[PDB]
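Here you'll find one protein chain in two forms, each presented separately as structure tokens under the names structure 1 and structure 2.
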Structure 1
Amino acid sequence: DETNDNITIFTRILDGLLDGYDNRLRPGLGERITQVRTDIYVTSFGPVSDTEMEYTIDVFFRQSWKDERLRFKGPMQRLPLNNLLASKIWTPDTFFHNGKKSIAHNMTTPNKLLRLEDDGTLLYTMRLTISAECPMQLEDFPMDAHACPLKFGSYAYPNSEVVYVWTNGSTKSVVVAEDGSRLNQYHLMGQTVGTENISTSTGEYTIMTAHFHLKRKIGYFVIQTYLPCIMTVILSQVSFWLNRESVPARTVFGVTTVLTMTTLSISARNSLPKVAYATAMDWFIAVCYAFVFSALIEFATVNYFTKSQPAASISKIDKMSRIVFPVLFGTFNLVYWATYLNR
């Protein structure tokens, strides 16, 4: 409709829109706080890296503010702006506090969008991949839960000049795509949203915060670590039912199962991150090694007394260790799983 004029006024408005405008200055620099409304759409979450204490998230990041100096007049109530204008219009310098490294996608023209409206409101959207720091406690390694945060805010403009608010409410703004749960180690419980002020040598600032809650999937470690260790302990304990006079046989059970435990302790370290305290899994492996070690020491004492004191009652030791070892290992398991499951 009104084709020839419709194109003419579009370029006529957009070309003259930038006269009398200084992009080095805020809207209402000396009069008002510049309120910025934000939103996020998470295209993908993860992968999460325990060794590097980081995670990767893909987001369409939306920002909206009203600039009185860009109030155009025309038939169209909304007006897309070309990127040539986007680089010559003031935009917030929002940055992410947690960002290790980030990509503002740049493929086939930049992934940026800037719209303008009759009342001067600007809508600025742009696609990001954020690699964010997630400090995580690890005392419960295989059974732990985490909340990796995402924090962002203005860099230069302090709390008295720019403030950030969630556009459609705190928890009603952020959205995660249905396909976006791109995790293999973890299962995403959900997310929560909030905001807070902070203070620095350069002044106060307002932060926007969003936590993504995670719970680790235990299934892998049961078949990888716990079972081979549990079975290996059952092997070391069956040696008590063998005859005491088969010294070469009794010996190789004790030593070989120790060697089997040694191999099973190699993989645990590789699956773990490099943290410097004993995790719940390290308790298990250390105790399993104790049972396997003490089983062969049990034979050593039985061997000594039956050889140095032969009609001796040394057979008592086998009959006691046959019940003691399985039971005491059982109570350790009940204590171990009760301690960390009901947690």
Structure 2
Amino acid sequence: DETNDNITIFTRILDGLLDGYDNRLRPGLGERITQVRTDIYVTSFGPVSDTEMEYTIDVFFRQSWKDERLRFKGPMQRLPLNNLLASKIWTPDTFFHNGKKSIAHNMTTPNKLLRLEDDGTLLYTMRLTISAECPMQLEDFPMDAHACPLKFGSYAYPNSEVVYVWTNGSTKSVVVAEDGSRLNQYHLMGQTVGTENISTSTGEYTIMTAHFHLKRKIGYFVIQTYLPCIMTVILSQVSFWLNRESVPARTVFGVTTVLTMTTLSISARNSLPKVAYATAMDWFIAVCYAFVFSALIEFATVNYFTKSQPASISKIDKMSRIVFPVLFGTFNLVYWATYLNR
């Protein structure tokens, strides 16, 4: 509409709109609190790193506020300005408290959107990749759940200057794409968002909060750790069916399986941070080590009694041959029942 003259009168509007404009000052500095409306679209969530206890999230981060300097009257009601206007206009300094290292994608012109309405309302959006610190507890390592937070708020302006609110309310302001569940070993149960105040050396501030609930997918660790552990325990117990005069054969069963449990205990070293306490998987590995180790002490005593007092000592083979499968069987029932309900 009015195409020939529209591109000319508009540049006349813009330079007449932000000449004399000062971006060092809040809109309504001395009269009102600047109320900023924020919104997030999670383009993709993940991956999550347990060893550094951090996760990556990619979002379109959207902000909106009213600047009275920038109200205008012209041929159209909303203006899709180019993103270099952001350098000229005052914008909030919202920063993410948890961010370890973040990228404001800056490829083929900055990934920023800036629109101005007739009534002076701004809508300011940008694409961010945020690596946020997620402190996590690991006592239930292969069967645990976490709630990774994302916190953001003004850096320079305290509570009495700038306040933040979810644009459409709490539960309609953070949207996750269906393809956004970019997680390998986790599944996102849900998310809850809220608001908070904090007090620091520089005064009070208002914080927006978004928590994502994560349940770990147990499939990987079963085939990687539990089956090797369970099979090794079974492998050791095979020795009870061999005759006790085959001393070299009975020995290598215990020695080899104890060797297997030793490396498997070490193997978890690469999958976890250097935590100071034992996780659920450690209890399983330790008990599997106990059964495998006791399967060798079984041979040591039967060997000692048969060689020292040569027999009825064959009862030891019979009892251990039936007891070991049973006790290890009941351990699994107690173990899984303890954690899978947790």
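What we label the rigid core is the largest C-alpha set whose atoms superpose within 1.5 Å from one form to the other. Throughout, residue numbering runs from 1 along the sequence of structure 1.
Only one of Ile103, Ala177, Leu84, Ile218 has its C-alpha shifted by 2 Å or more between the two structures once the core is superposed, and that residue is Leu84.
Once the rigid core is used as the reference frame, the Cα position of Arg12 differs between the two structures by less than 2 Å.
Here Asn197 does not count as shifted, since its C-alpha moves by less than 2 Å between the two structures after the core is aligned.
Residue displacement note: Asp282 has its CA displaced by under 2 Å between the two structures (rigid core superposed). Its Cα shifted by 1.7 Å between the two structures, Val335 is reported here after superposition on the rigid core.
At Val36, the distance the Cα travels between the two structures is 0.1 Å after the core is superposed.
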